[PDB]
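K.L.:
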Amino acid sequence: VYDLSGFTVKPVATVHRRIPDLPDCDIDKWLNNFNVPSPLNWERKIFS
Amino acid sequence: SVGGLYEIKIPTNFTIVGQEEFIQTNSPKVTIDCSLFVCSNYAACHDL
Ligand SMILES: *[C@@H]1O[C@H](CO)[C@@H](O)[C@H](O)[C@H]1NC(C)=O
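Protein sequences appear in the order of chains C and B.
Here the first sequence stands for residues 303 to 350, numbered as in the deposited numbering.
Here the second sequence stands for residues 785 to 832, numbered as in the deposited numbering.
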């Protein structure tokens, strides 16, 4: 009697959930801002 | 021994007592799929 390698049931569908209608982060606009800070006063922006 | 006789307590009445004893002769037959335990469903883990 041979115990064969364990199988897992293959998924029959894919569930993808995202929050809709979220605005664009505009990361490029803040990175391309021409008022660039020095490392002494490095600037932070939080994208969420 | 008073003379040639010793003092002994000899039963004059009796009953029958029952005592249980469990002796383990078997244990659960644990089987491990080492591949499924170590790596679950992951091809990258099964390769390694
Ligand atoms: C033995 O003991 C039982 C219960 O203690 C009693 O009913 C019985 O009469 C006794 N027998 C004798 C011979 O002492």
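Note that beta-carbon positions come from the ideal geometry of N, C-alpha and C, so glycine has one too.
1. Of all the CB atoms in chain C, is at least one closer than 8 Å to the CB of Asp831(B)?
2. What are the start and end residues of the alpha helix (DSSP H) that includes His830(B)?
3. Would the C-beta of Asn810(B) count as close to ligand 1, meaning under 7 Å from any of its heavy atoms?
4. So with Cβ pairs under 8 Å, would you call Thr310(C) a contact of chain B?
5. Comparing alpha-carbon positions, which option in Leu324(C), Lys347(C), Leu342(C) and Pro325(C) lies nearest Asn335(C)?
6. Listing by chain order, which chain C residues have their CB less than 8 Å from the CB of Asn825(B)?
7. Tell me whether the segment 787-802 of chain B and the segment 811-823 of chain B touch, counting them as touching only if at least three CB pairs, one residue from each stretch, are closer than 8 Å.
P.N.:
In short, the structure shows the following:
1. no
2. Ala827 to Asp831
3. no
4. yes
5. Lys347(C)
6. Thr310
7. no
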